[PDB]
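Chains as they are written, first to last, in PDB author numbering: chain T, 51 to 99; chain S, 51 to 99.
Here it is as structure tokens:
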């Protein structure tokens, strides 16, 4: 008796930026997020009457 | 700690003479409307028989 074949998988590598889900996001690579304490975005909405 | 963005609305308005509402009115801008108190224009309208 003898073997006929040995078969395995190749893991399908699907990253974030190839998917269409990044249409709902804005992606920035940030080198040292270990150093950051806080983030901030400041709006100023002027309302006419 | 960071400051990642700073944003603000700018209000633009379509004025009166650019709307479609001026298709239902005639606009004759006067220099100082405080001069005349009351307009009392009288019309003589004659029907046919």
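Cβ atoms here follow ideal geometry from the backbone N, Cα and C, with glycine treated the same way.
Please decide whether residue i counts as near chain T, where near means a Cβ-Cβ distance under 8 Å.
i	result
residue 89 of chain S	no
residue 51 of chain S	yes
residue 67 of chain S	no
residue 64 of chain S	no
Could you say which of the options lies nearest to residue i if we only look at CA atoms?
i	options	result
residue 79 of chain S	S:71, S:67, S:88	S:67
Quick one: grab the DSSP three-state call for residue i.
i	result
residue 66 of chain S	helix
Assuming the contact rule is C-beta atoms closer than 8 Å, residue i and residue j should be a hit. Round their C-beta distance to whole Å, please.
i	j	result
residue 53 of chain S	residue 90 of chain T	5 Å
residue 88 of chain T	residue 51 of chain S	4 Å
residue 61 of chain S	residue 92 of chain T	Actually they do not touch by this definition, with Cβ atoms about 18 Å apart.
residue 95 of chain T	residue 59 of chain S	5 Å
Check whether chain S comes within 8 Å of residue i, counting only Cβ atoms and requiring the distance to be less than that.
i	result
residue 81 of chain T	no
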